[PDB]
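See below for the structure under consideration.
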Amino acid sequence: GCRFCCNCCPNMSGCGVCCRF
């Protein structure tokens with residue numbers, strides 16, 4: 001159960017996997 005996000009950490013100019021909502 002995870003979702004793609006484009007603002008989790010100030011070290012990636014794109015999107016990553018997010019599991020906290």
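Please note that chains go A, B, ... in the order of the structure tokens, that every chain numbers its residues from 1, and that ligands are numbered from 1 in the order shown.
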Quiz item: Which residues come within 9 Å of residue 16 of chain A, counting only C-alpha atoms, excluding same-chain residues fewer than 3 positions away, as number ranges by chain?
Solution: A: 3-9, 12
Practice problem: Determine which residues of chain A receive a DSSP assignment of strand (DSSP E or B), computed from the backbone, and state them as a VMD selection string. | Solution: chain A and resid 3 to 5 16 to 18
Exercise. Please provide as a PyMOL selection string all residues within 10 Å of residue 2 of chain A, with the sequence filter that same-chain residues fewer than 6 positions apart are discarded (counting only C-alpha atoms).
Key: chain A and resi 17-21
